[PDB]
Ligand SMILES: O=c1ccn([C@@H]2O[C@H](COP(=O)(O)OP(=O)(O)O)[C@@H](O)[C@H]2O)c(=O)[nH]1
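This document starts with one chain, in the form deposited without the ligand, laid out as structure tokens.
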């Protein structure tokens, strides 16, 4: 089956990191053959799930545009299930999906104290993986709703565990990274240690990887709640801890998640996804 040479060529992008000291492709525009993989993956009849939580104001601010963009650019030409998690199914924008997309919607409870987090997405995702997603898909992406697909976000992103380089900090040094530094947090990453700064707005992998990613992240949040402590960037900090203990088998370039208000540096040749309004 697939080997990296078949789909991935680092030397079409030599400026940027394209491989990692543990041999994981960092996927950049111009570095990947979608055609090959589209073909390779279509034969295996893979199915890609996309979870996205949207809660309160976020539902009407973002969901419609998310699902619409996804419908157009996410794993085009492969079955894709959108798992929409919302607090209020009444205001589900409920767009028109195209070939190979379908969705499942789930009512989630809002943030239950007082004031929760609210990620808690980690517990729900893992719950859903066990209940149905492991049965439903070969690869699952978990994404923040307040983003937009700008171009093909395809099977070049697929892998055992897939992480996204947060746009700001992709050039940064490991010790500039906004990891949780407080040794009391389960999310704790020493200064010194640190591979990349991973964005929580997109992680993915097989349902089994993602189950573990999420179960570990949640255990982190949970132990932190027990120690009345709250990681700097909440779930993104645990993700970063997790992805340090467990190196992602594939990493996506800030091109797969770009903040347009960080500009447009040459290094960003096609924007697959971007943050919104």
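Only residues modelled in both forms are compared. Positions refer to the first chain, counted from 1. Think of the rigid core as the biggest set of C-alphas that the two forms share within 1.5 Å after superposition.
Although not depicted, the form solved in complex with the ligand is the subject of the following passage.
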For the three residues 117, 121 and 144, verify that every one has a non-hydrogen atom within 4.5 Å of the ligand in the deposited complex; reply yes or no. yes
Within 4.5 Å of the ligand in the deposited complex, heavy atoms considered, which of 67, 50, 54, 213? 54
Classify residue 58 as contacting or not contacting the ligand in the deposited complex by the rule of any non-hydrogen atom within 4.5 angstroms, answering yes or no. yes
Mind telling me which stretch in 144-152, 127-135, 97-105, 68-76 gets its heavy atoms within 4.5 Å of the ligand in the deposited complex? 144-152
With the core superposed, find the residue in 150, 118, 178, 134 that moves its CA 2 Å or more between this form and the one not shown. 118
Comparison of CA distance in the deposited complex with shown form for residue 117, residue 227, at least 3 Å: farther
A 3 angstroms or greater change in CA distance between residue 117 and residue 183 is reported in the deposited complex. Closer or farther than in this form? farther
Once the rigid core is lined up, which stretches of 3 or more residues in a row have C-alphas that move 2 Å or more between this form and the one not shown? 112-118
